[PDB]
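What follows is a single chain, given as structure tokens, in the form deposited in one PDB entry.
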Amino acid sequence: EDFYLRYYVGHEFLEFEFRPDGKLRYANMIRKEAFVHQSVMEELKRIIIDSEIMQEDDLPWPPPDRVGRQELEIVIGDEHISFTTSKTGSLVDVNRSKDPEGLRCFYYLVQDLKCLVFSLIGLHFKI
């Protein structure tokens, strides 16, 4: 079952990617690389599936703005998504869109992904 995940937000920016083999690439300059155990990949997939983000559509969401943009690409098996939006620094910004409920699922999934990546990179490289 194929897998891929990449998240981008931002030339100031933050970017991280998980390849199928567990390779984690991080960039924010600060560029880190490390291979995570299969248990980490398993947990990542569980979080993604639980978020139901794969069933969302970004059409109603705000397009890349001037303050910045966000990109979320995910592939799980035959399913895949490629979202592009403007920055979403808080819930007040989410609740100001046409589809606030859908955008909040995106906001929270992104928050969960960042928390996991920050913990992995931060503790591994003592950043």
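Rigid core here is just the name for the largest C-alpha set that superposes within 1.5 Å across the two forms. Note that residue numbering follows the sequence shown and begins at 1. Residues that one form lacks are left out of the comparison.
One more form of this protein exists, namely the form deposited in another entry; it is left out here, but the text below deals with it.
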Comparing between this form and the one not shown on the core: of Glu73, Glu43, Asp93, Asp99, the CA moving 2 angstroms or more sits at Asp93
What changes in the other entry is the Cα distance between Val117 and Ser90, by 3 Å or more; the two atoms are farther
Stretches of at least 3 common residues between this form and the one not shown with C-alpha displacement of 2 Å or more post rigid core fit fall at 89-96
